[PDB]
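Residue numbers (the authors' numbering), protein chains in the order written: chain D, 2 to 245; chain C, 2 to 245; chain B, 2 to 245; chain A, 2 to 245; chain F, 2 to 245; chain E, 2 to 245; chain H, 2 to 245.
Note that the Cβ used here is the ideal one computed from N, Cα and C, for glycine as well.
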Amino acid sequence: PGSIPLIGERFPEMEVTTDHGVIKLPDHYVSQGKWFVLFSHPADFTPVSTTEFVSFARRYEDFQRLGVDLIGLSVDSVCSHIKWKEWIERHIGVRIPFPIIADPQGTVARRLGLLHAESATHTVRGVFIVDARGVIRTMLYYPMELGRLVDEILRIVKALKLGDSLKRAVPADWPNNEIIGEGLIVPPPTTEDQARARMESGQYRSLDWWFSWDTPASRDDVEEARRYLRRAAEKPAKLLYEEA
Amino acid sequence: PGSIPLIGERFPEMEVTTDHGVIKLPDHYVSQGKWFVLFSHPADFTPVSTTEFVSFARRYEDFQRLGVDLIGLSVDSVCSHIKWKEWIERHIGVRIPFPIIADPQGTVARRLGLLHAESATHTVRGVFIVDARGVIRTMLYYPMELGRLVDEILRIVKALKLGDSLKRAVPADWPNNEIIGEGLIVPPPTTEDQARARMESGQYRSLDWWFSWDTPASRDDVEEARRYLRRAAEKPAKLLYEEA
Amino acid sequence: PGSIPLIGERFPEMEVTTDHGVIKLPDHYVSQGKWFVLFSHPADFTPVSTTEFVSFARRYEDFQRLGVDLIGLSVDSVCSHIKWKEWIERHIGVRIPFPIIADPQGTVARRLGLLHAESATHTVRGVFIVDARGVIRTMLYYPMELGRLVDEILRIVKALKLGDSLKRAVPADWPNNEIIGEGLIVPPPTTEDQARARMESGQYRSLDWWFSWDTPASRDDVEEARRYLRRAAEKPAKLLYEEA
Amino acid sequence: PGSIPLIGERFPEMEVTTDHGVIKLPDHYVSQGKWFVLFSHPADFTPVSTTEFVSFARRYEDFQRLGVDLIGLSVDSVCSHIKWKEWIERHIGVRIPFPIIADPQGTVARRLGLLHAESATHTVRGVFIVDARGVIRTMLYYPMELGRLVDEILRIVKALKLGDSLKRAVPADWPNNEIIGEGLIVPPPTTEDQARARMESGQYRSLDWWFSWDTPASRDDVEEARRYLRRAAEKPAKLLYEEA
Amino acid sequence: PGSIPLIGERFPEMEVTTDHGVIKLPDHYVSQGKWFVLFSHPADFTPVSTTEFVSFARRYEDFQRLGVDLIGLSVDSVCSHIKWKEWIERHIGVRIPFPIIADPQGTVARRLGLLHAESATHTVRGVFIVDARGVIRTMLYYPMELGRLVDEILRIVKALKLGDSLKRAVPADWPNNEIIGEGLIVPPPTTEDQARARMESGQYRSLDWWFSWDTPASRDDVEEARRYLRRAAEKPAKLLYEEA
Amino acid sequence: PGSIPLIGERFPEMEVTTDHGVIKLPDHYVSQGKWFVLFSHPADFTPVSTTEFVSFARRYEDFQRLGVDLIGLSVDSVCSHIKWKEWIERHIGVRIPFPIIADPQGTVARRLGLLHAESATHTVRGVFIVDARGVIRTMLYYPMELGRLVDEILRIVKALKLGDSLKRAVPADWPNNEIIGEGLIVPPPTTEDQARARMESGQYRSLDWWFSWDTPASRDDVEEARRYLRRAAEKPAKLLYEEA
Amino acid sequence: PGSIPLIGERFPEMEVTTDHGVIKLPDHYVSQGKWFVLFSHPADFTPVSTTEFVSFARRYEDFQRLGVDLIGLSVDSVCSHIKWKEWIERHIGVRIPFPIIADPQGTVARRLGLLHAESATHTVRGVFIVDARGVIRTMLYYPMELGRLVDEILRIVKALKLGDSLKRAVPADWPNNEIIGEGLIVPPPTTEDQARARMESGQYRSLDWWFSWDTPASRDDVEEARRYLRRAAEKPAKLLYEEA
Ligand SMILES: CC(=O)c1ccc2ccccc2c1
Ligand SMILES: CC(=O)c1ccc2ccccc2c1
Ligand SMILES: CC(=O)c1ccc2ccccc2c1
Ligand SMILES: CC(=O)c1ccc2ccccc2c1
Ligand SMILES: CC(=O)c1ccc2ccccc2c1
Ligand SMILES: CC(=O)c1ccc2ccccc2c1
Ligand SMILES: CC(=O)c1ccc2ccccc2c1
């Protein structure tokens with residue numbers, strides 16, 4: 002069994018050695034007003050890991066649009082990271098522009114609970130989504146044998162940033178929720194007086210005093226988020242292996 | 002500042018009280034050859050949680066077709082669970098056919114690391130995907146303010162089952178991987194002799210001795226996986242709040 | 002076994018979440034010059050608990066006359082508390098006006114020793130009677146299977162406030178004591194000189210130097226206390242189940 | 002700062018010295034197939050305590066008829082116990098037929114949590130109701146300044162024996178509950194399947210699937226319990242101090 | 002076994018509850034320049050203990066002339082103490098004028114090692130002779146079955162007070178020592194130089210350098226002490242049980 | 002500070018070295034059906050200690066009549082014991098016939114609590130009265146400055162053996178008790194049934210059910226006990242310092 | 002085993018009770034510029050111990066001439082010490098002029114490791130040779146059965162004082178060493194340079210760079226030490242038992 006930092010906590014204060022140099026987490030991103038997604042992979046020159054790095058690199062523009070930086074993590078050293086990045090550029094034609102943490106003694110990995118029973122020595126496929134205040138907002142642990150759906154990582158940061166700016170909770174499968182579609186949920190009342198006040202308001206569509214929603218998201222916000230999902234659902238036009 | 006069970010561990014032995022009665026995890030499901038998705042929600046009669054239960058309930062037959070059972074969890078008691086289910090059936094027209102664990106002293110929540118800094122008293126939106134051997138395969142921690150993408154939970158269980166069956170690793174964004182499309186990855190060589198023998202046998206398409214793949218997934222398996230992501234990407238024709 | 006606060010101790014300082022808001026105990030009631038009865042029930046949408054909530058609600062005016070506020074407690078959450086109150090108002094015609102604490106991790110339950118061996122997860126039927134100084138004056142532990150006699154809780158607070166205001170101890174079964182009727186007892190001498198001064202004085206009816214009494218309670222005080230017990234002994238005029 | 006034994010626990014094994022001899026609790030009463038009420042008082046030759054011993058002795062036949070015995074407890078020694086009983090018989094005309102525990106080192110007091118903050122040295126007015134299996138069923142803690150309502154101890158024991166024999170829970174204020182009067186509650190369903198089958202049985206009057214009741218108590222058992230509360234409510238015809 | 006305070010130690014600082022009120026030991030006596038005898042008995046309304054209280058009461062003036070107060074101790078409460086004193090004055094015609102400590106939790110009993118193996122719950126017949134500086138000078142432990150010789154307690158305090166004021170040690174059986182009669186012992190030399198100087202002074206009757214004595218006690222001092230032993234030896238003219 | 006063994010406990014098993022040889026306590030005396038008085042003195046060739054050794058020696062026949070052996074104790078060695086015994090025989094004309102324990106490391110002294118605050122290195126004037134079963138019956142602690150009353154030690158053993166043989170308790174100042182003279186007390190009733198049975202038989206003189214006595218002692222028992230006290234009270238015929 | 006103070010350590014600070022009064026070691030002797038020989042014996046009025054005391058007493062002037070005081074030690078008390086000195090003066094005709102420590106709880110014994118397996122209760126024949134700075138210079142432990150050679154104790158202090166004043170080491174059997182006779186050894190070089198600088202000087206007789214000596218002791222110094230050994234070797238002309 003293992004130990005983790007938690008949703009709602011500040012990302013633990015640490016210096017990390019990356020292939021772009023030493024950076025301090027979370028302060029390096031906080032000071033820039035930037036969210037970051039820190040993710041891990043078992044080892045360099047591994048095939049599922051390579052496909053994830055290519056997926057992330059291809060979506061890099063979508064992340065920069067949301068004010069989100071990316072940072073990778075494996076127990077491999079900076080030299081392996083750089084040779085691996087060179088290999089991907091040369092054989093796949095995709096430059097990886099974001100840093101990768103070298104975690105040789107698994108100092109960062111043990112702090113983030115990235116070592117699971119599947120490997121004593123290599124991190125699983127962890128994801129920490131950290132907001133511009135350096136707070137952990139979402140944590141995912143995918144295994145060695147299964148690649149992530151990177152479009153879901155985009156949907157999560159887009160939905161979270163929306164939730165924060167409009168003061169709303171996001172329904173299941175947004176923006177295609179099967180009850181309220183692209184509707185966003187008003188935080189429910191926490192007192193009986195508040196409940197009564199809302200159900201006399203008439204200000205929101207309601208199924209009950211605890212279930213109110215409106216549609217305050219721009220058409221652009223809704224279609225941006227839906228575009229992530231359509232990309233994930235779409236059979237690719239040209240497979241990159243053909244031209245490699 | 003919390004501790005979780007880990008991918009590759011057995012789901013911890015525990016007797017739990019559900020609105021369907023008392024069961025032993027993971028035995029109850031192992032003895033049936035079933036996988037199970039244990040997920041949690043903060044409290045009954047909450048709006049994001051309600052949208053997630055309807056979402057799971059609409060996908061119930063998809064889960065059942067894969068041999069996956071569902072079981073929810075909150076700190077609310079069985080009588081609340083049943084009253085909440087009655088409300089959903091009555092007001093939304095959707096029956097919740099799967100059990101919900103009652104965890105009032107947070108005994109299960111603490112074992113599974115479901116209590117994060119966002120609330121000392123209520124569980125975040127955890128997901129534990131457990132195979133028919135009772136082994137944790139994947140763990141997701143979504144926060145109070147953000148509903149899950151239930152189609153990604155279907156893609157995860159479908160891809161892991163395919164990977165176990167076909168002895169393959171699954172590329173990022175499968176079945177729409179940008180490098181190899183619906184291709185599955187051969188576990189890479191672990192020795193130099195194996196590396197040489199792989200590259201000499203010419204038995205698979207390859208970018209290097211560590212990156213080989215084939216297309217062994219049935220057309221039905223691929224299309225079922227694409228169907229989950231197409232549903233995720235499409236706005237439903239009619240929203241359930243309209244006939245509510 | 003387990004642990005409890007004790008008669009004569011200050012109610013433990015604690016912030017609690019109720020369906021009326023967050024309040025500090027006992028400060029919230031001290032600061033209003035009010036006694037409070039804190040009571041617990043196992044779970045929302047339980048029948049004995051429902052009968053007790055209705056009994057307390059019917060007696061709300063009687064507690065208000067004594068400057069006593071009511072606060073309930075169960076491990077269920079506030080949304081369950083509010084839905085349960087709405088069910089009682091709709092189906093029995095009785096509005097519950099007093100707050101209910103939500104104690105999902107049993108934090109308040111353990112502090113007040115409300116978790117007995119009958120249930121690891123749900124509180125028994127505890128009663129804490131607390132005066133306007135925040136001092137615990139009386140504690141009752143009724144089990145899952147037995148509802149409380151709420152008229153005895155009225156008699157307890159009425160007789161305690163009478164004792165406080167007249168400097169008197171209250172005999173068994175007051176105001177219908179089989180020795181002295183509605184009489185109240187003078188605190189006995191604690192020294193041989195006090196015992197002699199008392200037997201020389203002739204100020205009180207006495208059976209001995211340690212058993213003196215008088216009748217300093219108003220007929221209003223006596224008859225109000227007797228009314229509580231006559232209501233407990235009275236077959237009700239119309240059963241609330243009929244009116245539904 | 003105190004530690005109590007708990008409802009549902011076996012009364013703790015102990016040898017006690019009484020003014021009737023040495024006995025083992027709860028074995029002495031279990032062996033006779035008896036329930037017992039253990040109750041405490043601060044000291045011999047105290048006036049509220051005397052009024053309570055007289056109340057219990059007056060009700061002794063009522064306890065005996067229920068298969069219930071009484072045992073007292075203070076920190077005073079056996080010779081003081083016998084002198085006090087003699088004083089009560091001589092001066093009030095009432096024989097105390099049941100034993101009193103002598104607990105001079107507070108060993109029994111500390112085991113049962115009978116030392117509260119009102120007195121470091123002297124027991125409050127504790128009540129332990131123990132069944133014929135030796136299991137604690139109810140616990141009451143009255144203070145120094147307030148006598149018990151002994152008719153409520155009779156109602157507690159009668160209602161418990163009825164609930165145990167009829168497999169029913171007992172409503173608030175039974176047998177005068179304002180919702181169902183002298184009706185007794187069917188323990189609610191613990192599963193959705195039990196809840197459907199119960200609603201579909203039409204076997205019982207119901208307000209909901211979790212609130213069902215019938216009237217299986219004999220007229221005699223109901224009238225026995227109403228008798229206790231009528232005695233509590235009525236001013237005695239003559240007071241024992243008058244003929245003293 | 003068990004522990005005790007020791008000769009030469011200060012009587013331990015403690016607040017005690019007596020039938021005359023609350024007092025601090027040893028300060029209450031120290032502040033008056035009075036010695037005290039603290040003594041204990043197992044329980045009120047015991048026959049040997051009654052004989053000893055009557056013996057002490059008969060000797061009260063004799064103690065008073067030495068500037069020695071008396072204070073008793075049992076584990077019974079002050080109300081038992083006062084009832085017992087009343088019984089002695091009524092039935093034996095003797096008033097007990099000195100306080101008795103009430104020690105119901107054995108707090109004082111455990112501090113002074115008065116709980117011996119004869120009873121786990123009741124003090125043996127302890128005696129603590131404490132001077133006006135609050136220092137324990139002598140300790141006696143009589144058992145349950147054997148009354149004290151109170152005249153020996155007077156001889157101890159008289160002999161100690163003479164030893165103190167005349168700077169002398171007191172021989173065996175003083176004032177009727179078989180070797181030197183009413184003589185008192187010069188404390189022996191502690192050096193060879195002191196030993197030679199004592200023997201070269203011829204100031205004292207001596208049997209050796211270590212055994213010197215004189216007769217510095219007044220005739221009044223010696224006769225007071227002979228009177229205590231005379232009274233112990235002579236049968237009383239009139240037994241008190243005659244006119245019961 | 003300070004620990005001791007206790008009345009009612011077996012004298013602690015120990016081998017001691019005496020000026021008569023090595024002996025096991027208490028087995029050496031138990032084996033012969035003898036009681037023993039163990040007493041201590043600070044040091045050999047001390048004046049008060051010398052007077053007490055002569056007092057005990059003069060009373061040796063009186064101890065032997067009762068079946069009681071004497072054994073002394075100090076921290077001085079065997080050779081010093083024998084040289085001190087010789088000095089007493091030579092200078093006072095009195096043989097000391099009983100053994101003295103040598104306790105140079107304070108092994109026996111620490112076990113019996115004979116090291117009080119008056120001296121860290123020398124034993125106070127302890128007295129342990131041990132019966133033929135090896136049970137400690139009475140313990141006295143006299144200080145450095147005050148010699149014992151040896152006649153009181155005879156009266157204690159006599160009165161104890163009499164209590165044991167006649168199944169009686171011994172009143173204060175026996176056999177010159179101011180209430181009942183040479184009467185011995187019947188151990189009081191411990192139950193109400195025994196108290197009633199006693200007060201009915203009229204078998205004894207009674208002041209109450211707890212205070213019964215008779216006069217079962219032989220005139221020899223009474224007069225031998227009084228003779229010890231008359232000896233304590235009598236001015237000696239000729240002082241032993243005279244013939245020296 | 003056991004535990005000692007060591008050569009080169011300061012003698013442990015302690016206040017000891019002697020037959021000359023209380024003194025502080027080593028301060029009492031350091032403050033006078035005097036060495037001291039502390040020596041132990043098992044018990045007073047033992048024959049080997051007596052012979053050793055007479056041997057020291059005969060050599061008292063030889064010790065004084067060196068500025069060496071003597072002090073004995075047994076577990077016996079000061080009164081025994083003084084009586085034993087009286088016996089020696091009267092029966093042997095020898096005065097013991099030096100103090101003896103009284104150590105009845107073995108406090109000093111345990112500190113100086115004087116309690117060996119030969120006796121748990123009495124010291125062996127310890128010798129502590131302490132210089133005028135309070136430093137332990139030599140330690141001898143003779144057993145119960147073997148008296149010391151007191152002339153070797155004189156030889157040790159004389160040779161140490163010569164070594165100290167002349168900056169020399171003392172050869173085996175000095176002043177009759179078989180290699181260098183009354184020669185004293187120059188402390189050897191501790192470095193290569195010093196070794197060379199020694200052999201380059203003709204300053205001293207040498208067998209090697211590490212074995213240099215001269216004859217710096219005065220004839221009187223040598224003759225003093227020879228006289229101690231000549232006394233050791235010679236049978237005394239008159240044995241003290243004869244004129245005793
Ligand atoms: C090439 C490389 O990754 C690397 C990184 C850190 C090192 C630290 C110490 C020594 C060699 C290293 C090589
Ligand atoms: C109705 C309900 O949720 C429930 C669940 C568990 C319980 C355990 C003990 C007592 C009452 C309970 C009620
Ligand atoms: C609706 C409800 O009972 C409730 C109360 C408190 C909560 C705190 C955090 C998250 C959800 C909550 C739901
Ligand atoms: C009758 C009474 O109070 C009593 C009971 C037991 C005892 C045991 C030992 C000594 C005295 C006792 C007195
Ligand atoms: C008079 C008496 O024994 C007494 C002493 C202390 C008490 C403390 C609390 C309650 C009653 C008490 C009675
Ligand atoms: C003479 C004396 O007191 C004595 C007694 C016993 C001993 C045992 C061991 C060593 C010395 C002893 C001296
Ligand atoms: C006479 C003697 O050696 C001696 C030594 C020390 C003492 C300490 C306390 C009491 C008496 C003592 C006698």
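Whole-Å CB distance - residue i paired with residue j, under 8 Å assumed
i: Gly135(A); j: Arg11(A); result: 5 Å
i: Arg199(E); j: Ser213(E); result: 6 Å
i: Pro190(H); j: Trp210(H); result: 6 Å
Partner residues on chain B for residue i, Cβ-Cβ distance less than 9 Å
i: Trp211(D); result: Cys80, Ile83 and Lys84
Beta carbon of residue i nearer than 8 Å to that of residue j
i: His82(H); j: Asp28(H); result: no
i: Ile102(B); j: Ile72(B); result: yes
i: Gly94(H); j: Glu244(H); result: yes
i: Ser4(F); j: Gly184(F); result: no
i: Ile186(F); j: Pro172(F); result: yes
i: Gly107(B); j: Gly68(B); result: no
For residue i, the residue or residues it bridges with in DSSP
i: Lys25(A); result: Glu16(A)
i: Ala103(A); result: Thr18(A) and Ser75(A)
Amino acids of chain F, ordered along the chain, whose beta-carbon sits closer than 8 Å to that of residue i
i: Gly135(H); result: Within 8 Å Cβ-Cβ: nothing; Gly135(H) doesn't reach chain F, min ~24 Å.
i: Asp20(H); result: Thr192 and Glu193
Three-way DSSP call (helix, strand, coil) for residue i in this model
i: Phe129(F); result: strand
i: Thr139(F); result: strand
i: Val69(H); result: strand
Chain E residues whose Cβ lies nearer than 7 Å to that of residue i
i: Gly127(H); result: Near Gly127(H) there are no residues of chain E at all, since even the closest Cβ is about 16 Å away, more than 7 Å.
Residues that residue i contacts on chain C, provided the C-beta gap is smaller than 8 Å
i: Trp36(D); result: In chain order: nothing, as chain C lies at least about 14 Å away.
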